[PDB]
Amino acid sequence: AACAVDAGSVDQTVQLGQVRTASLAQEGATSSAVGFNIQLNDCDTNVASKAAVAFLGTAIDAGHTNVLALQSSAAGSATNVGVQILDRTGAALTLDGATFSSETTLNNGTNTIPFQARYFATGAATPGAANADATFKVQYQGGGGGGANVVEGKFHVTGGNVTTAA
């Protein structure tokens, strides 16, 4: 409660564009990264000096706990690729709702915590839609153990497509 999550951040979406299978041909290949942020308003640094964000979603498998599984689709979604959420240090965050981003240091009032989303291949990707969803929670570093916003934010990736094309 040191801050409030901006309503525009509480339910938001990133679109990653179109990716070639040739660009996701082996584990660890990545698509281009697109930025987003979590905006906090009305921050009171009497209460908290720093904020961080954790993300929860279904991971693609046990060996890739920081890769978000894609939603199924009638036409067949891409396989061997999911979505990563990168914090300000470039690290992809484990999607267990308990692995927090590095901290953003706050001023009073409005602050933005920067992130990126990208596709990450776990193998040789195959073509199809590549949409994903996650939830997020904001935690503060402040007195008495800090605090947390009671809101559960929603993050979405839509408009994504993996194709086999030149």
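The first residue of the shown sequence is 1; numbering continues from there.
- Set 104-112 against 24-32 and average the Cα temperature factors; 24-32 ends up higher.
- Between 135-143 and 64-72, it is 135-143 that carries the larger average Cα temperature factor according to the deposited entry.
- Looking only at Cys43, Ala121, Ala98, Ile38, the residue with the top Cα B factor in the deposited structure is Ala98.
- Split the chain's modelled residues into thirds by C-alpha temperature factor. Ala125 is in the highest one.
- Among all modelled residues in its chain, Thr13 ranks in the middle third by Cα B-factor.
- The deposited CA B-factor of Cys3 belongs to the middle third of values across its chain.
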